[PDB]
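Undergrad: Generate a structure from the sequence data that follows.
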Amino acid sequence: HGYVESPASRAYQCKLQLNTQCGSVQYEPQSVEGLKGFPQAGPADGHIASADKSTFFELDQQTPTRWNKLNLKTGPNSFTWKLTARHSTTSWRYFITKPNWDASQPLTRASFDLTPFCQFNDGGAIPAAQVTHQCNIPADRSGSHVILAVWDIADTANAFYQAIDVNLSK
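TA: Numbering: from 1, shown residues only. And now the structure:
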């Protein structure tokens, strides 16, 4: 429960009315929550970013023209989280689809590069209610693709991937 302010996830974009059909998330974007266990005890394919919840189903299913594909660059980027919870985190991770992935298809576990490119495993970091970090997006992941950002809670078995759809460049 919280959202990433920038890069603007499809959850936050729905409230900004840049995305539609969330129904719920377009009025409360910080509603997003999910469960640890990815990939073995994780959601079904096409429900991976949704954490197997219907209100986040549009947050996993995209067509390449359905959302604002934010025009951003590879290399250093900022990642500013806005948390409605004072409790501790145990990890932050970011991972992407392959550069030539099927972008009108549901997110399968096979469509990803399952290795996170910027995992920050801080085990017990009590947040300042906001968590601004910076990280470097890989350069060979340019073009139109999705980037999933996950925040793992320390206190609970919760973790949720907040996807942002982008048109990246190098």
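Undergrad: need the helices for the protein, in chain order.
TA: 10-15 (DSSP state H).
Undergrad: what's the spacing between the residue most central in space within it and residue 146?
TA: In the chain, the residue lying closest to the centroid (CA atoms, centre = their mean) is residue 162, at 2.4 Å. Using CB to CB, to the nearest Å, residue 162 is found at 11 Å from residue 146. C-beta coordinates here come from the backbone N, C-alpha and C atoms, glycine included.
Undergrad: Now the common contact residues for those two.
TA: Between them, residue 162 and residue 146 share these contacting residues under CB atoms under 8 Å, 6 or more residues apart in numbering: residue 49.
Undergrad: ok, the residue nearest to the centre of the chain touching residue 150?
TA: Yes. Residue 162 lies in contact with residue 150 (CB atoms under 8 Å); the separation is 7.2 Å.
Undergrad: and the residue lying closest to residue 90 once chain neighbours are set aside, how many neighbours?
TA: Spatial nearest neighbour of residue 90, chain neighbours left out: residue 154 (3.9 Å); criterion: CB to CB, 6 or more residues apart in numbering. Residues near residue 154, counting by other CB atoms under 10 Å, number 15.
Undergrad: ok, so what distance separates residue 154 from residue 85?
TA: Distance from residue 154 to residue 85, by CB to CB: 11 Å.
Undergrad: show me the contacts for residue 142.
TA: With CB under 8 Å, 6+ apart, residue 142 has these contacts: 74, 99, 168-170.
Undergrad: now the residues you listed: which count as buried?
TA: Among the contacts of residue 142, the ones that count as buried by 16 or more other CB atoms under 10 Å are 74, 168.
Undergrad: ok, back up a step: for the residue nearest to the centre of the chain, name its beta-bridge partners.
TA: Legend: beta-bridge partners of residue 162 under DSSP bridges are residue 149.
Undergrad: residues in contact with it?
TA: 3-4, 9-12, 32, 49, 59, 148-151.
Undergrad: Adding distance to residue 127 and neighbour count, write the residues you listed out as TSV.
TA: TSV is the format used below for these (distance: CB to CB, whole Å; neighbours: other CB atoms under 10 Å):
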residue	distance to residue 127	neighbour count
3	13	22
4	13	24
9	18	25
10	23	26
11	19	29
12	18	23
32	16	27
49	23	27
59	23	30
148	20	22
149	15	21
150	15	22
151	10	26
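Undergrad: which of those residues lies closest to residue 132?
TA: residue 4 (10.5 Å; CB to CB).
Undergrad: Run a quick check on the closest one versus residue 12, I expect a contact.
TA: Yes. Applying CB under 8 Å as the test, residue 4 and residue 12 come out as touching, 6.8 Å apart.
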